[PDB]
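Notes follow the structure.
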Amino acid sequence: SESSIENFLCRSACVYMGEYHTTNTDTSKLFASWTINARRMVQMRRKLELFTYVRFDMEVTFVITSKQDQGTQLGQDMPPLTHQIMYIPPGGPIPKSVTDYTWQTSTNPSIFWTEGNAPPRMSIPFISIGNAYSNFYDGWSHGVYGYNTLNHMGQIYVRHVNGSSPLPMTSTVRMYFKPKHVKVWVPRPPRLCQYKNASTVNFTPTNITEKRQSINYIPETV
Amino acid sequence: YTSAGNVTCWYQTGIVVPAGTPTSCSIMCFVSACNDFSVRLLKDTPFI
Amino acid sequence: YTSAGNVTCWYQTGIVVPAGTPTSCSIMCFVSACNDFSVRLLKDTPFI
Amino acid sequence: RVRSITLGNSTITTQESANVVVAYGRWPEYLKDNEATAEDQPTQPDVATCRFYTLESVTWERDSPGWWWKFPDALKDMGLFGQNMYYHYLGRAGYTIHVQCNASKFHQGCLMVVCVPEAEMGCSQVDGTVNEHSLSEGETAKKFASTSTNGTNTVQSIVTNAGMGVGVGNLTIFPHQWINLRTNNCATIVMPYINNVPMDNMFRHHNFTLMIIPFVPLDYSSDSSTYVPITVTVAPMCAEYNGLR
Amino acid sequence: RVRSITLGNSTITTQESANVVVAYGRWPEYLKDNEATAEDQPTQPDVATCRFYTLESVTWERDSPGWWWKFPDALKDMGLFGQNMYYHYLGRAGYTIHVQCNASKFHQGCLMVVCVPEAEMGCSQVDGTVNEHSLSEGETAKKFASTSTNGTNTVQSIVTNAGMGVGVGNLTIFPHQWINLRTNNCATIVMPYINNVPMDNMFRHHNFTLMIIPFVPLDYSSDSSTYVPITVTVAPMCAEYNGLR
Amino acid sequence: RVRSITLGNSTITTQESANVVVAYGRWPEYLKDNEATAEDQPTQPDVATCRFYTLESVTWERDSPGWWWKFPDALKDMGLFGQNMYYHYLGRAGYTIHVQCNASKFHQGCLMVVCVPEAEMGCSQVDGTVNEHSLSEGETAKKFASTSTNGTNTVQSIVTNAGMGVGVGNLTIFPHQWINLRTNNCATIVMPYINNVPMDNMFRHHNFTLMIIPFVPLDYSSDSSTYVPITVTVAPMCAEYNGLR
Numbered sequence: 002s003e004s005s006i007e008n009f010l011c012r013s014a015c016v017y018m019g020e021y022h023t024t025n026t027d028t029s030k031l032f033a034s035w036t037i038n039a040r041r042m043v044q045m046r047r048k049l050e051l052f053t054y055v056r057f058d059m060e061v062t063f064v065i066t067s068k069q070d071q072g073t074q075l076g077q078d079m080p081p082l083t084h085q086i087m088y089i090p091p092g093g094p095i096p097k098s099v100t101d102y103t104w105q106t107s108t109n110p111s112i113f114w115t116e117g118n119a120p121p122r123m124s125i126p127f128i129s130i131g132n133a134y135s136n137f138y139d140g141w142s143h144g145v146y147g148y149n150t151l152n153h154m155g156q157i158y159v160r161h162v163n164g165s166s167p168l169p170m171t172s173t174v175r176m177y178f179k180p181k182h183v184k185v186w187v188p189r190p191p192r193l194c195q196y197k198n199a200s201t202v203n204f205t206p207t208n209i210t211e212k213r214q215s216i217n218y219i220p221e222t223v
Numbered sequence: 007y008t009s010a011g012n013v014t015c016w017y018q019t020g021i022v023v024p025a026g027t028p029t030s031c032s033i034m035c036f037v038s039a040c041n042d043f044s045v046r047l048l049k050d051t052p053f054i
Numbered sequence: 007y008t009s010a011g012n013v014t015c016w017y018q019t020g021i022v023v024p025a026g027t028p029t030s031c032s033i034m035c036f037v038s039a040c041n042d043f044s045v046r047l048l049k050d051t052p053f054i
Numbered sequence: 013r014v015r016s017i018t019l020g021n022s023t024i025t026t027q028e029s030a031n032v033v034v035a036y037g038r039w040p041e042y043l044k045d046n047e048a049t050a051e052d053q054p055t056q057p058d059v060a061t062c063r064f065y066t067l068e069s070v071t072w073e074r075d076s077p078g079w080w081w082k083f084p085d086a087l088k089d090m091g092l093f094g095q096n097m098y099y100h101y102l103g104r105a106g107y108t109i110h111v112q113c114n115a116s117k118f119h120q121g122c123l124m125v126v127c128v129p130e131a132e133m134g135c136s137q138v139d140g141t142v143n144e145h146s147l148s149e150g151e152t153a154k155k156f157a158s159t160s161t162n163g164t165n166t167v168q169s170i171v172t173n174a175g176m177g178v179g180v181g182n183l184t185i186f187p188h189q190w191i192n193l194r195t196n197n198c199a200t201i202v203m204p205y206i207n208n209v210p211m212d213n214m215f216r217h218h219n220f221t222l223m224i225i226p227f228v229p230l231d232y233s234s235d236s237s238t239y240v241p242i243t244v245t246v247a248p249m250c251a252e253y254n255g256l257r
Numbered sequence: 013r014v015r016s017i018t019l020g021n022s023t024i025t026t027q028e029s030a031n032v033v034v035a036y037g038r039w040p041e042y043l044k045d046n047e048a049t050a051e052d053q054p055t056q057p058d059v060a061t062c063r064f065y066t067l068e069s070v071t072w073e074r075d076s077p078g079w080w081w082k083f084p085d086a087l088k089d090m091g092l093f094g095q096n097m098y099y100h101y102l103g104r105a106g107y108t109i110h111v112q113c114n115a116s117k118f119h120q121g122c123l124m125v126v127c128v129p130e131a132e133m134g135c136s137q138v139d140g141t142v143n144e145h146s147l148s149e150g151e152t153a154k155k156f157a158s159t160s161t162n163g164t165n166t167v168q169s170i171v172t173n174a175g176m177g178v179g180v181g182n183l184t185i186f187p188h189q190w191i192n193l194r195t196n197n198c199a200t201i202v203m204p205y206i207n208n209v210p211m212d213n214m215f216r217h218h219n220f221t222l223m224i225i226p227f228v229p230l231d232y233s234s235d236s237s238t239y240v241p242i243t244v245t246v247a248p249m250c251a252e253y254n255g256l257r
Numbered sequence: 013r014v015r016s017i018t019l020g021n022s023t024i025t026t027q028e029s030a031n032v033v034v035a036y037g038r039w040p041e042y043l044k045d046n047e048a049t050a051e052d053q054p055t056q057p058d059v060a061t062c063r064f065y066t067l068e069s070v071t072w073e074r075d076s077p078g079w080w081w082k083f084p085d086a087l088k089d090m091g092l093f094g095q096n097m098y099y100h101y102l103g104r105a106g107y108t109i110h111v112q113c114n115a116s117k118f119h120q121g122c123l124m125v126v127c128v129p130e131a132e133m134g135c136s137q138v139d140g141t142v143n144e145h146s147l148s149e150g151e152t153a154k155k156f157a158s159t160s161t162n163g164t165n166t167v168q169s170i171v172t173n174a175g176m177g178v179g180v181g182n183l184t185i186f187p188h189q190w191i192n193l194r195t196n197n198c199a200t201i202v203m204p205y206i207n208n209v210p211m212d213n214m215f216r217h218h219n220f221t222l223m224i225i226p227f228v229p230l231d232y233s234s235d236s237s238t239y240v241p242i243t244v245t246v247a248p249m250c251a252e253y254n255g256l257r
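Residue numbers (the numbering used here), protein chains in the order written: chain A, 2 to 223; chain B, 7 to 54; chain C, 7 to 54; chain D, 13 to 257; chain E, 13 to 257; chain F, 13 to 257.
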């Protein structure tokens, strides 16, 4: 009952933590971004690799905390801060500044949230023109080995929702991810070697198991 | 220092061959679970 | 320069024997006709 | 107690005491009619795709780590089934694979024969990428190694990790068969079409991989033959392509 | 065509094509109820007496005259069945004996396996008496000799007279089985309890004797193994003792 | 799976898995009654003609071209059936022929066993004539040669032409059986009486000829026996003679 597929896979986890400012002199530090896949979380990756094909919905919750920068200026009286969390489907426009037009496109779903309230949450369906996702692909992208374009799942972007000339602030977002209504096909053996990077199956050769003293050795009984 | 059962194998007779066959040989073991197996308290694995 | 089919035989693995058996060996072929065979225009044979 | 099987203009002979593994319980079949009714009409050759194709034999010696083939494109030069790979943009098929040995009662050894879907392989250099030639050579087999390999763009082919980063004793999770020279010398595996889409292009994707791996090495004594031949025969089943009209 | 048999926490494996000799047509059983109704109440262990006990293997070489064991007291150190021999004053039981060989098709030889009730043995000195150690050593086998023996208090163990003063070709009168390396390698004998009283004390009386005797010696050639192992396994049946309350 | 057959005061043992060739579909039988009703009355011995007669074994070595016997007169010294050949002026009979080999699983070879009616043979000299001794020696076999022979009055016995001027690969047109040391070692042929008259004299006519011819020579290795014995056993069936009263 605890070994069913749902109870084994449907569990929440922190998969990305990022920081972003209201004012800066880099302009890439003004927003945070994440590409959705399940290959940079080493514990979820291994449980997912026991199968060849998967199908699930996604649920994402966001925990967001702010701070005034230790730069100099005190005595402030500020209202609570507002944030915008945008999801981009596969085949959507990507922003490059925080002032871009794509933060207003009608087909990118978006959430507006102010601090002090309950943590925000959105639910994404199975988004693929194929019939399942694949954890393993023995092919070419059209050319990269092992990468097929049916596994695109979208992106998430987060910014502040101030007006003009805002006050300096630093925020941190943590994303909690959970698959739901899961189905799996074609079981596989468990990964025996350590993972080396996030896109390949590359590995250094590993021992089959650890040694004992002799082929007869059994430890003394208590 | 286990409190578990054990399995051992012994030579009852020895291996006998005709002329022209290899002298040494090998045995292989396979393990599996039977239908009445149960598990509880999902946790994290100690291998990665 | 025939316009006929052909048959060939290939070594997939090689022959493996124990100790004390002959090394080489032989194959034999037998031919026959199946029930649907027909012949026409009796003539003289070219062998005597 | 010998059966003779004819597919098309091919004939092979097997033993009626054979054992057959149907991969996941599923026999091959046509995608029925109406996944994509209107402008996706398929066609099927059924001419000289259903016929036995026999590759070259491989030679099992005392130190042989193993062999592997990729499917398809092990058949890209095989008569009509290979012609159809160039004329058509999409296809699909199941297969029947026979593996046979020729050995005596004075030999000994043990083989695993396994069919692995999506067998993605690793590079010999951890921050490298695999080449197209090092993954397959068509109807010629690639070889596993007994130690860890080097060189650029090569599959890391140490046989204990099977090129995939797992323990090779655990490949029994896939459709597999054992050949123990003591008790049998043949193996049949029937594989259906397995993908996450109904059809696909047959040149830049390897559906599955056939592997043959000795777990107990070949042994013989005084004047037996020093090798054993292994032979592989493949018959495509229920092949189907996009319509051209 | 292999059967797997479990008695208690023991498991062994045999072939389903076995042949079984039931000694005189009689299966073992309990003395029913009322030979000695009033103050002779028995009890039965049925706990870990019904279980396979396996002795050490013996080694059959080119010049092996033979082996013998005494029953009981070949089992006086065997777990619970041996504990019950010390706690109880009277007992009885039947037995199942399996004998197995491990040999190849390049070996040859022939064994007789016989169970002899009341196998009273003679001394090496005609006006002498036999010792208790020279009759048995428990779970270790005694050995027959190929010539006539000497020394005091020893059984005269020349193998042609089997220590009993008869011709050894005539022991087929007892429950017996042949093992011909050419055709089989196993033998099962089921022995009931045979005495002239219903119960008895198990320490100063040997109910029966198991003997194993080669009639055609072991032969092999160039680089086969030079010995063959023989293995004996015993399961007590319907054991029964005097009540203690 | 062994059968034991007794004819008269003879007993032989065969395997119940035998295969039997009845020559042209016809079992032997008596010419019924009334071909020659009035003054042609026959009689039948049925005493010690129906019984197994066993000849001497022949020795199959590495270079053995083959053997042949003539029927009858291979039995002119065989007890009663031979006495009847001298007492009676006309006769007839059918036969059952068993041929057996004694070989191991480490030997190899292949034999044809064929029964040929009217096997008229040619002379070694083209303008010559064959002798009576060179056609048969009774219960001793004649031998084929591996090259062409010479000398006066001798059968030209090169084995590829079988002494008859035909190709030896075509003798399968006659009642025949194959003995492949790999799969069987025995052959039974049941021959009826075949002539163009109902009875005949048994001294100046050879009804048929039994031939045994190796097509793949005997091979063995290191310390196996260097020969293989072949044994022939004959039982006459439904013998019948002219009445004497």
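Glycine residues also receive a C-beta, built at the ideal position from the N, C-alpha and C atoms.
Between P28(C) and chain F, the shortest Cβ-Cβ separation is below 8 Å. At the C-beta level, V37(B) and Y232(E) stay beyond 8 Å of one another. Within the same chain, Cβ atoms closer than 7 Å to the Cβ of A60(F) are found at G20, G91, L92, the five residues on either side in sequence being excluded. Partner residues in the beta bridge of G106(F), as assigned by DSSP, are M249(F). By the 16-neighbour rule on beta-carbons within 10 angstroms, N208(D) is buried.
The CB of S22(D) never comes closer than 8 Å to any CB in chain C; the least such distance is about 12 Å. Per DSSP, the continuous alpha helix (DSSP H) segment holding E7(A) begins and ends at 6 to 10. Residue range 43 to 49 is occupied by the alpha helix (DSSP H) that includes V43(A).
In this structure, DSSP gives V34(E) an extended state, which the three-state scheme calls strand.
Non-local C-beta neighbours of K88(F) in its own chain, meaning closer than 7 Å and more than five positions away in sequence, comprise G94, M97, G150, ordered along the chain. Against chain C, the CB of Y232(F) has a partner CB under 8 Å away; the residue lies at that interface. For a cut-off of 8 Å, the C-beta gap from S67(A) to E20(A) is around 11 Å, too long to register as a contact. Straight-line measurement puts the Cα of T221(D) at about 40 Å from the Cα of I219(A).
Annotation for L92(F): the continuous alpha helix (DSSP H) segment containing it runs 91 to 99. Beta-bridge partners of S22(D) (DSSP): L19(D). Under DSSP, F83(D) shares a beta bridge with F220(D).
Annotation: the continuous beta strand (DSSP E) that includes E20(A) extends over 14 to 22. By the C-beta criterion, the region 32 to 42 of chain E is judged not to be in contact with the region 67 to 82 of chain D, since fewer than 3 inter-stretch pairs fall below 8 Å. Scanning the region 152 to 176 of chain F for uninterrupted alpha helix (DSSP H) segments of 4 residues or longer gives nothing; none is fully contained. In the same chain as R175(A), and ignoring 5 residues on each side of it, the C-beta atoms closer than 6 Å to its own belong to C15, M18, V64, in chain order.
Here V125(D) carries a strand assignment [DSSP, helix/strand/coil]. Here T27(B) is buried: its Cβ has 16 or more other Cβ atoms, across all protein chains shown, within 10 Å. The residue from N173(E), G121(E), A86(E), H145(E) with its alpha-carbon nearest to that of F156(E) is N173(E).
With a minimum length of 3 residues, the unbroken runs of beta strand (DSSP E) contained wholly in the region 107 to 137 of chain A fall at 111 to 115, 122 to 125. DSSP places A33(A) inside the beta strand (DSSP E), whose first and last residues are 33 to 36. Shown here, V145(A) sits in coil according to DSSP, grouped into three states, outside any helix or strand. Chain order gives the chain B residues near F227(D) as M34, where near means a beta carbon separation below 8 Å. In the DSSP assignment, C198(F) is bridged to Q112(F).
Contact of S69(D) with chain A is not assigned, every C-beta pair being separated by 8 Å or more.
Beta bridge pairing from DSSP links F178(A) with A14(A), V61(A).
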